[PDB]
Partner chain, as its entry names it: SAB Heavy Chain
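Below you'll find only one chain, the form solved without the partner chain, shown as structure tokens.
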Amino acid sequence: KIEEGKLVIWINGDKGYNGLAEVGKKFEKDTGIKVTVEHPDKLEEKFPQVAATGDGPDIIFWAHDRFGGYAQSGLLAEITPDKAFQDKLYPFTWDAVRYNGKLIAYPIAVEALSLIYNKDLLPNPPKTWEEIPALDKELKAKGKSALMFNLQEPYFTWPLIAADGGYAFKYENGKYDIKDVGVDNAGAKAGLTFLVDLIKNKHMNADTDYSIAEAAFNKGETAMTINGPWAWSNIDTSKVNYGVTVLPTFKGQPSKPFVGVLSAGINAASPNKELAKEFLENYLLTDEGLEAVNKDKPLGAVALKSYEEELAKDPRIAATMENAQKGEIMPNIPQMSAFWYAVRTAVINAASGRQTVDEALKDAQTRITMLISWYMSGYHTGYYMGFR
């Protein structure tokens, strides 16, 4: 049950929830109104359970990708920032927080893969994927390799597959088209081809996984890897002199890593929606509010322009943002589950020579198209009947 005249906030235990509590303490000093921050266990399971009965927190913080599920279940209120408020944040971040074209959360922070490089082996990392084969032959003369990154998980190989036109679902006019899937187009094929022949030509090994690639980079055996901000604290400990930069281009187009956006939704059942807006818009989403959170536990790159400009003095955080701006927002729809599953197989099969590139992606597209067409029958029959 859901107390009026105060805010309850849930946010994950690995965030700066003590910093967020200082923002709640400022709100109260200014306003007289109490803010309570909690970090329950298993919060993203607990939220849709408790909020369906029309209880829960007023505000929930989590990765945007799961809010598409919450919104679809009617658990998130539509938010109402004005145009001037929208303008304070990088415009691509509002595209991560829509459901049925309506805004359903405030973007807070942004995360994406970047190119991580050893500055001692490689003072200037390559601008293009095309140059990596030659760079590799040159480094292998020193007993070093050019690049090693997790090849087993589509999240890591997608940025190259997407560079030339690959995509999960087409996004147009604030909305995904679930019938327009871009896994077997000519872009995806050209990229996966370039990848598979790095392996054929012996510049990568089809078996390289997350820990193998992380050990090589942190032992100074390879000049480059591809990883996110969660990896930087291991690289600091390794004392490798590293830098973090823009991903290489492919056919002159930017690599397109998937982008995760830590967001704040408002419970559809809260009687404090205007209070939640005021707290989010005028206290948290300000340079002093993001600073308090980030000082407790770093946020990485943030959606608020004014504060990202301060953070982006760290070139590593600048690189994350540049790569995120160039990347593909992770679609927040439940059909994204079909993609992970089909594409993981396709890549692992193209990579190991089990299938050709053209064959592995063609079949991926088929499987995804089929799972969704079945999902939507489930839907048109769940619906017409659930109504009665």
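Residue numbers count along the first chain shown, from 1.
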Stretch with the higher entry mean CA B-factor, where the candidates are 231 to 239 and 151 to 159: 231 to 239
Stretch with the greater mean C-alpha B-factor as recorded in the entry, comparing 205 to 213 against 99 to 107: 205 to 213
Deposited CA B-factor, highest of 42, 344, 326, 64: 42
Highest recorded Cα temperature factor - choice among 321, 52, 330, 59: 52
Ranked C-alpha temperature factor of residue 165 among modelled chain residues, by third: middle
Entry-reported Cα temperature factor of residue 175, expressed as the chain third it lands in: middle
Among modelled residues of the same chain, the CA temperature factor third for residue 74: highest
Chain-wide C-alpha B factor ranking for residue 222, given as lowest, middle or highest third: middle
Residue 253 by Cα B-factor - lowest, middle or highest third of the modelled chain: middle
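One more form of this protein exists, namely the form solved in complex with the partner chain; it is left out here, but the text below deals with it.
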Residues of 253 to 290 having any heavy atom within 4.5 Å of the partner chain in the bound PDB entry, listed in sequence order: 259
